[PDB]
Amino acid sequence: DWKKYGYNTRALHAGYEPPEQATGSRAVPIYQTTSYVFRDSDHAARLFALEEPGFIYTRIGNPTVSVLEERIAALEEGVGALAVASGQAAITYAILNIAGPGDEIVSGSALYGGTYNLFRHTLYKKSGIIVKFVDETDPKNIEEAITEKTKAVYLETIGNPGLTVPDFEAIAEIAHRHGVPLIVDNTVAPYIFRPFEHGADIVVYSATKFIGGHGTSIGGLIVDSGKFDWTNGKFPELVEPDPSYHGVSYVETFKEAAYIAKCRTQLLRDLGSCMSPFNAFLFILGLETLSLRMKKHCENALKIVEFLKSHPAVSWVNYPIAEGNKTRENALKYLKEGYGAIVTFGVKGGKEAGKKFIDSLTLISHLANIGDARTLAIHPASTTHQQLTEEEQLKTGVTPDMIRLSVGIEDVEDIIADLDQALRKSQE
């Protein structure tokens, strides 16, 4: 389905209208298959030469996985999407598509720990890429770090768990004036934020979190807006003839889809971070309720915040629109549908009190995740961010006394009662 239809209609229909014509299955089939029989040899040759569309091999493309991709692109109003094995793989592929040995990336610092470790260590040692980390709360800091080796600017929508919101439009202008795309990780804010409306060229998701929403499946997505001009000379693999496809120019053959086409034909084909069709089936199920779920997550989170602000065992609370938040103005400007499910706070008595808070919980789940329907809590400095030095954790908005909550869609009075009994026990 198209831009003329509403978000919820797309979330239920896009990419699977009409149903497959073999049997009419209303539900998207799970095509748990590796291979696809060809009509004849000409079919088979056209498919491999990129001269006709069809399925060849599940590593490269699969019908269940394609419905997921098409529906995500429709919801984002992008020109195409690619599904991959994890949010990490989506980030990896989004960068590696346009960068390699000797290249630079300007990144914000309000980052999930796993992105930090990929950027700072793995991409440098295994791909020769230098990521330059900046305080994205001031857009001038992004401009000052761009160089002729920069290939992209990278931001998260709501800094997990710093809870800062960058000025997307200002930073997108900076990236475009310097001839590079803005890539946004919108993991924590599907539906409530549309990056392509605000300057982003590329969106990645950890479909694992909110998109799936039920804590069952690992997966990632890369979405291409199709509006960046790859021919400025900084992205020659998207322009020059590709020896692997006998001379194909991606911009020439695939036009506005050049980028997501190469992600598939080069990186997915060769590095092989494909999603399972079963996992795709479950993510499609998640999308069908995503907007209802996100509205409830965000309504509960705002209530949780107000509860915590007035509680005697709590020393501070953060939320994208909290009074002390340095980017609340950006949160107000760009998030008009809810301000995310993630809430941080500190317990009086520091790290050891937070320890006893976590240990006392009876309904909230002490685990490593966000974006489950259930409410989740953790201590980031010793978990999601343990790979970082004390100085590094502070750059990303992570302190030693911090508790992160991913607020779920339980009845809020039950969440608050678990929080209260556990906060009382932490002061004993």
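Note that residue numbering begins at 1 and tracks the sequence as displayed.
Higher mean CA B-factor, judged across 44 to 52 and 399 to 407 from the recorded values: 44 to 52. Mean C-alpha B-factor is higher over 104 to 112 than over the other stretch, the pair under comparison being 104 to 112 and 150 to 158. Note on 245, 196, 278, 319: the highest value goes to 245, judged by CA B factor as recorded.
Taking only the listed residues 257, 353, 99, 91, the entry reports the highest CA temperature factor at 353.
Looking at the C-alpha B-factors along this chain, the one for residue 269 belongs to the lowest third. When the modelled residues of the chain are ordered by their C-alpha B factor, residue 119 lands in the middle third. Annotation for residue 77: CA B-factor lies in the middle third of the chain's modelled residues. Per the PDB record, residue ranking by Cα B-factor puts residue 22 in the highest third of the chain. In this PDB entry, the Cα temperature factor of residue 5 sits in the middle third of its chain's modelled residues.
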